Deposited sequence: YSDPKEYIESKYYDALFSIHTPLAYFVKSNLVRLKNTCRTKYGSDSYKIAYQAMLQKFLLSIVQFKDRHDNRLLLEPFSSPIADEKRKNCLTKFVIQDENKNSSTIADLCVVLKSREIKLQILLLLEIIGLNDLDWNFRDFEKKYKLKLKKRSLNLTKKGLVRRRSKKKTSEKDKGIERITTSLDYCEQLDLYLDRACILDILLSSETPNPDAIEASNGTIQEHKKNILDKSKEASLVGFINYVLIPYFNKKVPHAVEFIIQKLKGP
């Protein structure tokens, strides 16, 4: 409530670390209050320039996301006391106040937070895609991407020789989300530990924590009318051909 900068910082890390609360709360109330706030301080127009500029500062590049989740570094202290407190409190609830922990508990807490922040970053991306009127890109995304595909193939060659793009970012996050789901299913393991029960919701299509539940409970309700092509694009990728 102090500074909208530190308000959305409070509400982002609240949405990330509070595993029980649904991500629909972050979309329906947190992001709306922030959009209402930039409205007042910047007028009825030319406030999207400030509303997106603030969301952009919480948008993680796919490279930043991996360095952030590698080696369980997400459980390591954050610089800002605002973000660091939400980290410690979730630790108190899931790793410290759960008795007869297994060594799987820390790993289970990170994969839960990793799959959750993927969806969280997809939300920021979908919001930025709407503010910049980029939803048209998701009609024949496979057919338009062939130009950048040629750039990537040429770049692979550039290393063994001489001897910004929010839609690609959304595609990369969806790819990363699918790898998490495929390996969590193939791991096999043929309430509970409260951190465990949350890990099981990642594959339960009844829950918002799953991809199907994230679509039906967050994406379709709150994003289908603002970014309909991207929602259909996300569906076609997660459902699969």
Regions left out of the model, expressed as runs of the deposited sequence counted from 1: 164-183, 211-216
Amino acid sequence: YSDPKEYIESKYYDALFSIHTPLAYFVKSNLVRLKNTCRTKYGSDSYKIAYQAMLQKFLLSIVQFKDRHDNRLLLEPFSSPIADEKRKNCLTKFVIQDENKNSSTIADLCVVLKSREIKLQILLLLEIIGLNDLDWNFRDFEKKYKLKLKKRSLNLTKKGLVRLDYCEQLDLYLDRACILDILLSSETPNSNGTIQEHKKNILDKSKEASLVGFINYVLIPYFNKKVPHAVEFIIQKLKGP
From here on, numbers count along this sequence of modelled residues.
Between 220-228 and 17-25 (mean CA B-factor, as deposited), the higher: 17-25
91-99 or 69-77, whichever carries the higher mean Cα B-factor: 91-99
Most elevated Cα B-factor in the entry, residues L59, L180, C38, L172: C38
Residue selected from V162, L149, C167, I82 by maximal Cα B factor: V162
Third of chain Cα B-factors occupied by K158: highest
Modelled-residue ranking by C-alpha temperature factor, third containing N132: middle
Entry-reported Cα temperature factor of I49, expressed as the chain third it lands in: highest
Third of the chain's Cα B-factor distribution that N30 belongs to, per the entry: middle
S210 by Cα B-factor - lowest, middle or highest third of the modelled chain: middle
